[PDB]
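Have a look at query.pdb below; it lists PDB, C-alpha atoms.
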ATOM      1  CA  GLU A 140    -104.380 -33.666 -20.712  1.00  0.00           C
ATOM      2  CA  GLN A 141    -102.356 -35.941 -22.993  1.00  0.00           C
ATOM      3  CA  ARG A 142     -99.104 -34.068 -22.371  1.00  0.00           C
ATOM      4  CA  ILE A 143     -99.622 -34.190 -18.606  1.00  0.00           C
ATOM      5  CA  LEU A 144    -100.605 -37.859 -18.426  1.00  0.00           C
ATOM      6  CA  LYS A 145     -97.585 -38.722 -20.572  1.00  0.00           C
ATOM      7  CA  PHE A 146     -95.137 -36.828 -18.361  1.00  0.00           C
ATOM      8  CA  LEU A 147     -96.539 -38.034 -15.035  1.00  0.00           C
ATOM      9  CA  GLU A 148     -96.448 -41.642 -16.235  1.00  0.00           C
ATOM     10  CA  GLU A 149     -92.865 -41.460 -17.501  1.00  0.00           C
ATOM     11  CA  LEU A 150     -91.407 -39.593 -14.524  1.00  0.00           C
ATOM     12  CA  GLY A 151     -91.703 -42.501 -12.108  1.00  0.00           C
ATOM     13  CA  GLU A 152     -94.404 -43.560  -9.659  1.00  0.00           C
ATOM     14  CA  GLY A 153     -93.974 -42.001  -6.229  1.00  0.00           C
ATOM     15  CA  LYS A 154     -92.809 -38.750  -7.807  1.00  0.00           C
ATOM     16  CA  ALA A 155     -94.477 -35.379  -7.247  1.00  0.00           C
ATOM     17  CA  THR A 156     -95.010 -32.087  -9.075  1.00  0.00           C
ATOM     18  CA  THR A 157     -96.574 -28.726  -8.221  1.00  0.00           C
ATOM     19  CA  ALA A 158     -98.890 -26.718 -10.471  1.00  0.00           C
ATOM     20  CA  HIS A 159     -96.443 -23.814 -10.232  1.00  0.00           C
ATOM     21  CA  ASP A 160     -93.726 -26.180 -11.453  1.00  0.00           C
ATOM     22  CA  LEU A 161     -95.878 -27.393 -14.346  1.00  0.00           C
ATOM     23  CA  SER A 162     -96.957 -23.906 -15.418  1.00  0.00           C
ATOM     24  CA  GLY A 163     -93.437 -22.501 -15.290  1.00  0.00           C
ATOM     25  CA  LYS A 164     -91.600 -25.345 -17.010  1.00  0.00           C
ATOM     26  CA  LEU A 165     -93.871 -25.738 -20.037  1.00  0.00           C
ATOM     27  CA  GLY A 166     -95.217 -22.197 -19.885  1.00  0.00           C
ATOM     28  CA  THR A 167     -98.790 -23.469 -19.746  1.00  0.00           C
ATOM     29  CA  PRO A 168    -101.025 -20.781 -18.191  1.00  0.00           C
ATOM     30  CA  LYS A 169    -102.180 -21.417 -14.623  1.00  0.00           C
ATOM     31  CA  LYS A 170    -105.708 -20.771 -15.892  1.00  0.00           C
ATOM     32  CA  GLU A 171    -105.230 -23.949 -17.927  1.00  0.00           C
ATOM     33  CA  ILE A 172    -103.382 -25.971 -15.289  1.00  0.00           C
ATOM     34  CA  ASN A 173    -105.974 -25.255 -12.598  1.00  0.00           C
ATOM     35  CA  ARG A 174    -108.853 -26.356 -14.826  1.00  0.00           C
ATOM     36  CA  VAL A 175    -107.101 -29.563 -15.886  1.00  0.00           C
ATOM     37  CA  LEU A 176    -105.687 -30.332 -12.441  1.00  0.00           C
ATOM     38  CA  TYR A 177    -109.165 -30.489 -10.911  1.00  0.00           C
ATOM     39  CA  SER A 178    -110.491 -32.463 -13.879  1.00  0.00           C
ATOM     40  CA  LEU A 179    -107.849 -35.201 -13.871  1.00  0.00           C
ATOM     41  CA  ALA A 180    -107.650 -35.712 -10.107  1.00  0.00           C
ATOM     42  CA  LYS A 181    -111.424 -36.179  -9.997  1.00  0.00           C
ATOM     43  CA  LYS A 182    -111.341 -38.852 -12.701  1.00  0.00           C
ATOM     44  CA  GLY A 183    -108.880 -40.786 -10.560  1.00  0.00           C
ATOM     45  CA  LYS A 184    -106.029 -40.125 -12.978  1.00  0.00           C
ATOM     46  CA  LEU A 185    -103.960 -38.178 -10.447  1.00  0.00           C
ATOM     47  CA  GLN A 186    -103.536 -38.196  -6.667  1.00  0.00           C
ATOM     48  CA  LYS A 187    -103.884 -35.123  -4.452  1.00  0.00           C
ATOM     49  CA  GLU A 188    -101.692 -34.729  -1.368  1.00  0.00           C
ATOM     50  CA  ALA A 189    -103.150 -33.124   1.756  1.00  0.00           C
ATOM     51  CA  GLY A 190    -103.950 -29.708   0.317  1.00  0.00           C
ATOM     52  CA  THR A 191    -104.026 -28.116  -3.128  1.00  0.00           C
ATOM     53  CA  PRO A 192    -100.475 -26.694  -2.998  1.00  0.00           C
ATOM     54  CA  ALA A 193     -99.466 -29.963  -1.338  1.00  0.00           C
ATOM     55  CA  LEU A 194     -98.382 -31.877  -4.441  1.00  0.00           C
ATOM     56  CA  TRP A 195     -99.476 -34.123  -7.309  1.00  0.00           C
ATOM     57  CA  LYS A 196     -98.483 -37.609  -8.462  1.00  0.00           C
ATOM     58  CA  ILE A 197     -99.794 -40.646 -10.338  1.00  0.00           C
ATOM     59  CA  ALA A 198    -102.805 -42.445  -8.869  1.00  0.00           C
ATOM     60  CA  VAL A 199    -102.145 -42.799  -5.140  1.00  0.00           C
ATOM     61  CA  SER A 200    -103.103 -46.464  -5.486  1.00  0.00           C
ATOM     62  CA  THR A 201     -99.710 -48.167  -5.257  1.00  0.00           C
ATOM     63  CA  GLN A 202     -97.739 -50.878  -3.460  1.00  0.00           C
TER      64      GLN A 202
END

What's the structure tokens form of this structure?
Amino acid sequence: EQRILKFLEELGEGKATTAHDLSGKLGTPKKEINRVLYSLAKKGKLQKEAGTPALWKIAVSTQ
């Protein structure tokens, strides 16, 4: 949760990353990325494009 919030905040607002791209780059097991992806997006610490496999980026709230 700390390694994901530190990489999504440094990348650059407006960006976007897929679970498959986050579980294949750091190795992290999907079973761990799917449980943290639905726990961070619910807390409002991560947007959720139209659909699960859609995409993921910092809080949608932006300019």

query = Once the PyMOL selection byres ((chain A and resi 194-200) around 7) has been applied to the shown file, what residues remain in the selection, as number ranges by chain?
reply = A: 147-148, 152-157, 183-188, 191-193, 201

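Here atom CA of residue 172 of chain A and atom CA of residue 202 of chain A stand 28.1 Å from one another.
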
ask   = Looking at A:179, A:174, A:168, A:159, which one is nearest to residue 143 of chain A, with distances taken over all atoms listed in the file?
value = A:179

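If you look at atom CA of residue 164 of chain A and atom CA of residue 177 of chain A, they are 19.3 Å away from each other.
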
inquiry  = Would you compute the distance between atom CA of residue 178 of chain A and atom CA of residue 144 of chain A? Give it in Å to one decimal.
reply    = 12.1 Å

Please define a box with edges along x, y and z of the file around all atoms of segment 179-195 of chain A given in the file, extend it by 8 Å on each side, and return its centre and edge lengths in Å to one decimal, as JSON.
{"center_x": -104.9, "center_y": -33.7, "center_z": -6.1, "size_x": 29.0, "size_y": 30.1, "size_z": 31.6}
